[PDB]
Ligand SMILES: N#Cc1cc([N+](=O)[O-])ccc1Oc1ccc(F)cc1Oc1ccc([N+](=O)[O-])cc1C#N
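Given next, in structure tokens, is a single chain: the form solved without the named molecule.
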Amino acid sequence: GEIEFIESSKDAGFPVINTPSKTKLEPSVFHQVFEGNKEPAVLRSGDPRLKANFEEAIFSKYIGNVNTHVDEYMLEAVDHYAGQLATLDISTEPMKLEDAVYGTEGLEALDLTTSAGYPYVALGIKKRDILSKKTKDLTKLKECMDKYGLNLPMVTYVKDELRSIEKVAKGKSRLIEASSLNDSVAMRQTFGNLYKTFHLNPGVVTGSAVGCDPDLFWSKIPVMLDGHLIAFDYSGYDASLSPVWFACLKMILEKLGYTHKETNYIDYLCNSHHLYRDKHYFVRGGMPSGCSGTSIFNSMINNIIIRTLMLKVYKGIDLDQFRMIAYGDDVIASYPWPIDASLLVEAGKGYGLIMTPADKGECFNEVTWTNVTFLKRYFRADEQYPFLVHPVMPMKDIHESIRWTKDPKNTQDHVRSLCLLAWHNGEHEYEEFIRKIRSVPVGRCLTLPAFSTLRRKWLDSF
């Protein structure tokens, strides 16, 4: 992706978007009890922790586009992946408005907490002023969609989250896009059944883990991923995507039965208009992370990409023996024979993609079930029930999270959530975690689950 054009918003009649000033992240009561290195991402240009130009840093992910047509390797990758998805019998019928807005199995209700986008943010109109969970009213929404239409600008926000020391100093904060409520709803009507099918079928047919529950899904992954593991990282996947990959996505959607008109929303994702504070800008390429379906569409594109690279380097590859699962840019895969990931990385560079060894590794090392990660979690089979596999979030990451809070009124829920991750590191680690939590008076006011209770519920969940 590439920023084609940027200018002062006032020159085009757009008001300034007043984004948050300071981080909502503050040190929690546990900040001193546990060790950690991460701090809130830089949100403003004057941040004294910066050692780089902030506005340059946050837009540097738009590294450019490779201008290529869909080639023979892509065409075969699209065909192969489309063959898998056809098994699911995805409906291309529009999802009914009430289901797409207020919830249905496989598609959670539209988040009423996030930005309504343009023009609502300039008019002080929040999502809750239009929608209501308890009434399921669609009257005001139909009014607003008629009044303002579709293909509205996106609003760029800086993501308020913990980041490493290096990423704070380099100013490399992440950006999230808010689609207009109008466009979010229309995309959920157009693709809602696709979204539902993906959420309800994580695994190697969708090639997707979006919406998975790691507590359950993790025992399935080694059954599905039979051979020699393949895994690698991307640097700035979303913004690196060139238009040719969106053309591939449109081809695959059309093979599933979507009309050319129904795939027009992919053009809305690919060629996008953005408001950022006092600036407005146009982007060609790049997935605009945060719009409707971007995790699923990133995952589908990744399924096309990896097959393309395998076909290009390993002529004679048999994709019917290839397996992969993606969560956006994150991939875990297998093939019955060894594959040199460094070769795929070079083929990826030719397509405008930046691929690196897995988990900041120095080289494209041997990937094993001991050292592979997915969704930042390791894989550890249970000592007693070897067919059940723990998702293991590192205690370092749990420690980083517990030291900060965006709202101390939610301490109980925050710490409980962290307990559900921590116990998979084993009983000795969990008891130490609980002991340190309880060394703060708040910690003894919390209802914390017992290790044996967590283990019992986990075993029983299967």
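Start at 1 with the first residue shown and count on from there.
**Student:** Regarding 413-421 and 62-70, which shows the higher C-alpha temperature factor on average in the entry?
**Tutor:** Higher mean C-alpha B-factor in the PDB entry: 62-70.
**Student:** In the PDB record, does 236-244 or 149-157 carry the higher mean Cα temperature factor?
**Tutor:** Higher mean C-alpha B-factor: 149-157.
**Student:** What's the residue among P202, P338, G316, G290 with the greatest CA temperature factor in the PDB record?
**Tutor:** The listed residue with the largest C-alpha B-factor is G316.
**Student:** Between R323, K126, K376, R163, where does the Cα B-factor run highest in the record?
**Tutor:** Result of the comparison over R323, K126, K376, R163: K126.
**Student:** Taking only the Cα B-factors deposited for this chain, tell me whether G350 sits in the lowest, middle or highest third.
**Tutor:** Middle third - that is where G350 ends up once the chain's C-alpha B-factors are sorted.
**Student:** What third of its chain, lowest, middle or highest, does the C-alpha temperature factor of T368 fall into?
**Tutor:** CA B-factor rank for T368: highest third.
**Student:** Taking the entry's C-alpha B-factors for this chain, is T92 in the lowest, middle or highest third?
**Tutor:** Ranked within chain, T92 CA B lands in the highest tercile.
**Student:** Among the chain's modelled residues, which third holds the C-alpha B-factor of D213?
**Tutor:** According to the entry, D213 has a C-alpha B-factor in the chain's lowest third.
**Student:** Sorting by Cα B-factor within the chain, modelled residues only, which third would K220 end up in: lowest, middle or highest?
**Tutor:** Bottom third by C-alpha B-factor.
Not on display, but discussed next: the form deposited with the named molecule bound.
**Student:** Looking at 260-268, 287-295, 312-320, 219-227, which stretch has residues with any non-hydrogen atom within 4.5 Å of the named molecule in the bound PDB entry?
**Tutor:** Of the stretches listed, the one contacting the partner is 287-295.
**Student:** Does any part of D89 reach within 4.5 Å of the named molecule in the bound PDB entry? Heavy atoms only, please.
**Tutor:** No, no contact at 4.5 Å.
**Student:** Using 4.5 Å between non-hydrogen atoms, is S208 touching the named molecule in the bound PDB entry?
**Tutor:** No, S208 sits far enough from the named molecule in the bound PDB entry that none of its heavy atoms falls within 4.5 Å.
**Student:** With the partner left out here, check for me: in the bound PDB entry, does some heavy atom of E105 sit within 4.5 Å of the named molecule?
**Tutor:** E105: no contact with the named molecule in the bound PDB entry.
**Student:** Answer for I252 alone: is it within 4.5 Å of the named molecule in the bound PDB entry, judged on heavy atom distances?
**Tutor:** Flag for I252 set to no.
**Student:** For the three residues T114, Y195 and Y327, verify that every one has a non-hydrogen atom within 4.5 Å of the named molecule in the bound PDB entry; reply yes or no.
**Tutor:** All of them do, each having a heavy atom within 4.5 Å of the partner.
**Student:** Only one of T156, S272, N303, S184 comes within 4.5 Å of the named molecule in the bound PDB entry by heavy atoms, so just point that one out.
**Tutor:** The residue from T156, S272, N303, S184 that makes the contact is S184.
**Student:** Report the residue, out of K279, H199, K170, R163, that has at least one non-hydrogen atom within 4.5 angstroms of the named molecule in the bound PDB entry.
**Tutor:** Filtering the options by heavy-atom distance leaves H199.
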